[PDB]
Amino acid sequence: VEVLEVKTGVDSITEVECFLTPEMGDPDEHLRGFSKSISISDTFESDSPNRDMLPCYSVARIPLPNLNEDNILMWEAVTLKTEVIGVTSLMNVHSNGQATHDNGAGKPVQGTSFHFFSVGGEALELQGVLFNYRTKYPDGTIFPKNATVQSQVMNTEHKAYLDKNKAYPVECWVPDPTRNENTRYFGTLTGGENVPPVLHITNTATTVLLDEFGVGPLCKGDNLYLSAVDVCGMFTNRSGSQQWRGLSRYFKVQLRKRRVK
Amino acid sequence: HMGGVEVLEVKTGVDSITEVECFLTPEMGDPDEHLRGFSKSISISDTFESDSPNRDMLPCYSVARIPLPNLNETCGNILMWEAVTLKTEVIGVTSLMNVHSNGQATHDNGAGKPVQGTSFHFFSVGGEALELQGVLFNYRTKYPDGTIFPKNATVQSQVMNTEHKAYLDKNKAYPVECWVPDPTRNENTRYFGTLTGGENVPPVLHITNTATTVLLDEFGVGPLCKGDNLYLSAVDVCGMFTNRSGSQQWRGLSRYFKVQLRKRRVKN
Amino acid sequence: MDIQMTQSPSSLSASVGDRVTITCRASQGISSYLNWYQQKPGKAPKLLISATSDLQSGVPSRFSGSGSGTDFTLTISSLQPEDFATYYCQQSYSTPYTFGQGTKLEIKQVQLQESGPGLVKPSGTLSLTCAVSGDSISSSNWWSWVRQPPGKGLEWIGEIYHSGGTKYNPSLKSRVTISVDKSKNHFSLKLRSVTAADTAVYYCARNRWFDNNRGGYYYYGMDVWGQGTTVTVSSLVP
Amino acid sequence: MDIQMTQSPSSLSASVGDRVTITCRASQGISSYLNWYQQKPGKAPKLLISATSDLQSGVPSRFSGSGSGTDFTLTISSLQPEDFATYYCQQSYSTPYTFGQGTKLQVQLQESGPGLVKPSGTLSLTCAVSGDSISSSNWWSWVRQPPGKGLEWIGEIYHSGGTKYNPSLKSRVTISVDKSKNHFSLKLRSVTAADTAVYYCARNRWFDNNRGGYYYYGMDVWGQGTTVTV
Amino acid sequence: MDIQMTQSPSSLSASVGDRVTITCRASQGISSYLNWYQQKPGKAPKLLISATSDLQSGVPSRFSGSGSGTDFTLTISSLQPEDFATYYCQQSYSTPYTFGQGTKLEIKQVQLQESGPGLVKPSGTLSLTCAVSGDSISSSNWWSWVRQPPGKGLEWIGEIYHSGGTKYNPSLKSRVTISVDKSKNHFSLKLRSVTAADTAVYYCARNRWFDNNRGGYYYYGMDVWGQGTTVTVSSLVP
């Protein structure tokens, strides 16, 4: 595409607002936002995690006002506001928890977190990397196929599009840095089993999505792709079993019309 | 050459820029055919004198030499590729969320203990091999066959022995613990590293494709690629993996590099 | 980890309709990782309970299990004629998996088949094969070998995964090999340098884990057994 | 978590005006989660003390409790004639709830059902709740007492349908609730001789004692009881 | 750490073909850092098992080991005439290395050579040399001295590394020197102020560690022994 000038006028800008809900595994009808209790395999070879134990990337494809009827115009994503929704829910230390000590409060959600979001003009492009190439990933997930020991460091065969919900396990896939020219992505992994969630909320912070050349994501087919992961940590119930806990993510994206060839 | 040459004007025109993009895989020790990206179990010597670590237990510096489009046809009034910008990130950061495979329970019926502990994240971009200085935690360590390590070590090697000078010129050879970038050299390289010690420290890994590092020095000159070769080096020891027995293994990840370069004229 | 299981009583007689309790002790804490087995005379053991208290499908509801950490109990509510058997506890907390000595109670689908030579010369190599029918070797479980010497008592030899990894009892590791062949859907046992102590009934078994939502280490139990084959060590050749 | 509750002594003969002390022991530490009950002959157990030492409303000031973790004590200050009964400790620390074997010295619940069941048949009982809503924030429990024996907790249901079962009975018990009739029910499959008992229904409610930590539960209201023979 | 090892039984009579189990208990936990040795009459001890259960190469597979923390077992599957010997456990968890008192069983290549004076006057200095052949002193292992008083168990004296560092038994530290000479490929022992308690067979030994992938502290065992040299303390000179 030759990227030309921005269209002006009162009809030249539009706004997308939405919530992406987390996909933590949802082991039953009471546990939306949670995974199944985590089970530990005895060897690398025998690792066969249940689908309900594996958080997945969330993705929403958002149709935009149709341009060009049937050089064309494209919607350009310019700015993002985003935050995690329900951060105060983590102050519930009284429901079904493990006492920190005799007669104490419940242990809060804590441990490994992954907070991630992307805005793109097409599906997020993924690269597979495996902790353990011999993991058996379950039916109904989309996982790196024909894995080899090189899959534990870098196997260029594992390329995918984040093109389906409840499908792509977080632990198998990262944004592919060799692609995603038309996407802006941001993520942070905080490891460790006792690390505390640190979650900021405000309606005063804007992220600009333009690159060096002043160009934001350009929405192919008038479609905006939003992706997210918000694994906040693990919940510990009284027996000691632990479950991933996730929260929804709010997006507000401002777009403008741009001419291309 | 940053110093042995006169650095003149940047060339303009359509064909005056180029791009390098690649992955450097980690070299944590790879103790068998299933454990690429891991070290062997860490074993503790009984005295400083008896420290004889196995090769498969010692993470090494990663290095790639990337040929660039041939310029000129020698020396004299000549063009060189100069590295201007870098994008970099660690690849596979979410793999550390696998707390279900061959792990040690944090407590009865709990999840597995994740990767944690001492980390070293390091990357460099130069127009020639990274220049290394040797520093030993324990100068009586016996480094194993197949590694390149500070030779004729003395007790002074535990703080600063200027004899230990090397080039990062081979993969799977230079152990991270014995070598650091030589701050007295490396005029033609930009290097960045963070060591976070401690056996419980959590990995904190950021990814984004929106962040660029500028490689130009005070005088607006980036690394200049001798012989049309770009040198990339990395270490990404993320921490240790713990098995149920309590044995611990270093775990590393790959690093992505995207470098933008432009033609610059130099003399001598 | 070396975990010895001690069972009590070593034998018991009772009348139909009685309430019987069998006890076992572990030499260290094993949390809830304890299985119970029923072995009728001349037959392979049968899994009754996994993970302290989870009843297998088909096991009559008069069987119940309880306990924690070091001490466990198998209870039969109302004794019935079919219950005359030797009952074994087994800790699944750590390899080598270990069984108790058994309590003999006197009263007043996947298919596995073992085969191989019935006789081995002293210091020769015992060799057996387990053919797996109605299920693939490539399933997500271990394929195990267990033996019972004439004086009874079960000893776990080791096990193999379809991708080739093995776990061996440290008492046998110098002289055992377990192999697998996906193209023939079987797995094999080789035991070198045999002596009279190797004369036993040899069983192959499926050691699978149970999705019981408890969390932590997988809970394994041997839920399918072969019929057993006797191997006798003898210098005389027919 | 399996916790066994041992009391001492089995029986005690004393004379009016004496100071009586009954004790019990937990097979593992249970902090302060321990209740005491009084059972007069032919009557349902009556809750005296919850949370080691909190006296119930209406139990005379001569009763007191103490202890910690593994060892506890019930104490009568001066024995009187009305105190002839069997006294039971009950750990509330962990399900399945367990009672001691006993020491021999308004919301209303009523239970109904057959009374004779054929061996291998299905026991079925119903508890009618009066004076309170089933949708209150408590558990609705079944406890049984075999002839000449202590108390066994069977299981509990919450108004929302959630159940907790004794792992000894999990494979053959169902407990149900019908908010329509304000009653909850007990179904026990494949009965044998071991199931002959007086069955009680009971309210297992929590006490706002401001101690913190896990909810302190105690069964404060009991039905009359029904005998079921197989 | 001072760790006392106690072995049981002290003596054992058995018949060819018997199953034999010897136990040992440590005065504090030593994890898996436990070795077993066999000493045939008039010979140097021989390492059978390292790290609780790892069999040495060349050792017959009828030997096995197990245990944890404070309690350990050596087992012979089927006793054979070869096996009459005294068996020693040895903790490798902490210096000074300590051996059990020994279990005498009655049934119904690197080379090291010790040399030195056979007699020493009381208050004199005992001096011995251990010649090393088929291996360099410069190898990555310790060079140890161990002694055995008349029918009375094994005592670790100390060890030296090729670069000159030493470790000594605290009971001997005031009077002992171990030295090494790479040019002569030997190492030496000096023991000052000798008394009759120093009359013993003196062994030198290679104390090397095992790459067993368990992790943690190096696992050491004395896998090569000299043939032993008797030293007698006596006022009488020939």
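Residues numbered from 1 in each chain as written, not as in the entry; some residues may be left out. Chains lettered and ligands numbered in written order. Part of a larger assembly, values for the part shown. Heavy atoms only, no water. Residues with missing side-chain atoms left out of burial classes, pairs and counts.

- Looking at the entry header, you'll see X-ray crystallography listed as the method and 1.900 Å as the resolution.

### Quick notes on the overall build of chain B
Part 1 of the argument: Scanning chain B for helices and strands turns up zero helices and 15 strands.
Part 2 of the argument: Compactness check: chain B gives a C-alpha radius of gyration of 21 Å against a globular reference of 18 Å for 268 residues, within 12% of the reference.
Part 3 of the argument: Principal-axis analysis of the C-alpha atoms places the extent of chain B at approximately 70 × 45 × 30 Å. (Helix = DSSP H or I, 4+ residues; strand = E, 2+ residues; numbered from the N terminus. Rg over C-alpha atoms; globule rule 2.2 N^0.38 Å.)

### Re the overall build of chain D
Part 1 of the argument: For chain D, the count of helices and strands is zero helices and 20 strands.
Part 2 of the argument: A globule of 230 residues ought to have a C-alpha radius of gyration of about 17 Å, and chain D, at 17 Å, matches this closely.
Part 3 of the argument: Considering only C-alpha atoms, chain D reaches an extent of 50 × 35 × 35 Å along its principal axes.

### Description of unusual backbone geometry
Part 1 of the argument: Backbone torsion omega between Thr 95 of chain C and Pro 96 of chain C reads 0°, so that peptide bond is classified as cis.
Part 2 of the argument: By secondary structure assignment, the location of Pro 96 of chain C is in the loop between β9 (85-91) and β10 (98-99).
Part 3 of the argument: The omega torsion of the bond from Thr 95 of chain D to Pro 96 of chain D falls at 5°, within 30 degrees of zero and hence cis.
Part 4 of the argument: Here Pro 96 of chain D shows up in the loop between β8 (86-91) and β9 (98-99).
Part 5 of the argument: Residue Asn 146 of chain A is not a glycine yet carries a positive backbone phi of 55°.

### Notes on the interface of chain A and chain B
Part 1 of the argument: Chain A puts 58 residues into the contact, and the matching count from chain B is 51 residues.
Part 2 of the argument: When chain A packs against chain B, the two sides together hide about 4500 Å² of surface, and 62% of this comes from carbon and sulfur.
Part 3 of the argument: Here chain A is connected to chain B by zero salt bridges.
Part 4 of the argument: Counting every contact that joins chain A to chain B gives 25 residue pairs in polar contact.
Part 5 of the argument: Listed by contribution, the elements that provide at least two residues to the side of chain A that touches chain B are β3 (39-40), β6 (113-120), β9 (173-175), β10 (183-190), β12 (223-236) and β13 (242-246) of chain A.
Part 6 of the argument: Per-element accounting of the side of chain A that touches chain B gives the leading share, eight residues, to β10 of chain A. (Contact = heavy atoms within 4.5 Å. Buried area = accessible area lost by both parts, 1.4 Å probe. Salt bridge = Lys/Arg side-chain N within 4 Å of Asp/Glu carboxyl O. Polar contact = N/O pair within 3.5 Å; in protein donor to acceptor, adjacent residues only side chain to side chain.)

### Focus on the sheet that holds strand β1 (residues 5-8) of chain D
Residue and element names in this part refer to chain D.
Part 1 of the argument: The strand order across the open sheet formed by four strands is β1-β2-β7-β6, and the pairing between neighbours is antiparallel. In this open sheet, the two strands that pair with only one neighbour each are β1 and β6 (63-68). Each strand of the sheet is rotated relative to its neighbour by a mean of 20°, with strand direction disregarded.
Part 2 of the argument: Here four bridges tie β1 to strand β2 (residues 20-26), and the two strands are oriented antiparallel to one another. (Pairing = 2+ DSSP bridges. Axes fitted to C-alpha atoms, helices over the stretch in contact; angles between N-to-C directions.)

### Here's the deal with the pairing of strand β14 (residues 248-260) of chain A
Every other side chain in a regular strand lies on the same face of the sheet, so the side chains alternate between the two faces.
All names here are of chain A.
Part 1 of the argument: Burial analysis of β14 places ten of its 13 residues in the buried class, the great majority of the element.
Part 2 of the argument: Bridge count between strand β1 (residues 3-6) and β14: two bridges; the pairing is antiparallel. Considered in β14, the bridge of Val 6 is made with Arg 258.
Part 3 of the argument: Bridge analysis of strand β2 (residues 13-20) against β14 gives eight bridges, and the strand direction is antiparallel. Paired with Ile 13 across the strands is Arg 256, a residue of β14.
Part 4 of the argument: Note: strand β5 (residues 72-85) against β14, 13 bridges, orientation antiparallel. Note on β14: the bridge partner recorded for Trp 75 is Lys 257. (Buried < 20%, exposed > 50% of the residue type's maximum accessible area, 1.4 Å probe, protein only.)

### Notes on the interface of chain E and chain C
Part 1 of the argument: Each partner contributes to the interface: chain E provides nine residues, whereas chain C provides eight residues.
Part 2 of the argument: Considering every element that reaches the side of chain E that touches chain C, the biggest residue donor is strand β7 (residues 63-68) of chain E, with three residues.
Part 3 of the argument: Among the residues making up the side of chain E that touches chain C, the classes are represented as one nonpolar, eight polar and no charged. (Nonpolar A, V, L, I, M, F, W, Y, C, P; charged D, E, K, R; others polar.)

### Quick word on the nonpolar core
Note that soluble globular proteins tend to have their nonpolar side chains buried in a common cluster.
Part 1 of the argument: Counting residues in each nonpolar core, the largest one holds 45 residues, and the members touching the most others are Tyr 57, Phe 114, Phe 116, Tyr 168 and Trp 244 of chain A.
Part 2 of the argument: When residues of this core are traced back to their parent elements, those giving at least two are β6, β10 and β12 of chain A together with β11 (204-208) and β13 (229-242) of chain B.
Part 3 of the argument: Not counting the four nearest positions on each side in its chain, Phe 114 of chain A is found in contact with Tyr 57, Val 170, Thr 188, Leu 189, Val 229, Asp 230 and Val 231 of chain A together with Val 93, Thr 94, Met 97 and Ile 207 of chain B.
Part 4 of the argument: Ranked by size, the runner-up nonpolar core spans 29 residues in total, among them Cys 24, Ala 26, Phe 72 and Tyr 219 of chain C. (Core = buried A, V, L, I, M, F, W, Y, C linked by side-chain atoms within 4.5 Å.)

### Brief notes about the relation of the copies chain E and chain C
Part 1 of the argument: When chain E is brought onto chain C, the operation consists of a screw motion whose angular component is 70° and whose axial shift is 0.1 Å, with 0.3 Å RMSD remaining. Put plainly, the chains are arranged around a five-fold axis. (Least-squares fit on C-alpha atoms.)

### A short note on the state of the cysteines
Residues and elements named next belong to chain C.
Part 1 of the argument: As enumerated under the stated definition, the model contains three disulfides over all chains in all.
Part 2 of the argument: Covalently, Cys 130 is tied to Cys 204 through a disulfide, its sulfur atoms 2.1 Å apart. Negative torsions about the S-S bond denote left-handed disulfides, and the value of about 60° found for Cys 130 with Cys 204 makes this one right-handed. Highlighted residues: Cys 130 in strand β14 (residues 126-133) and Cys 204 in strand β20 (residues 200-209), separated in sequence by 74 residues. (Disulfide = S-S within 2.5 Å.)

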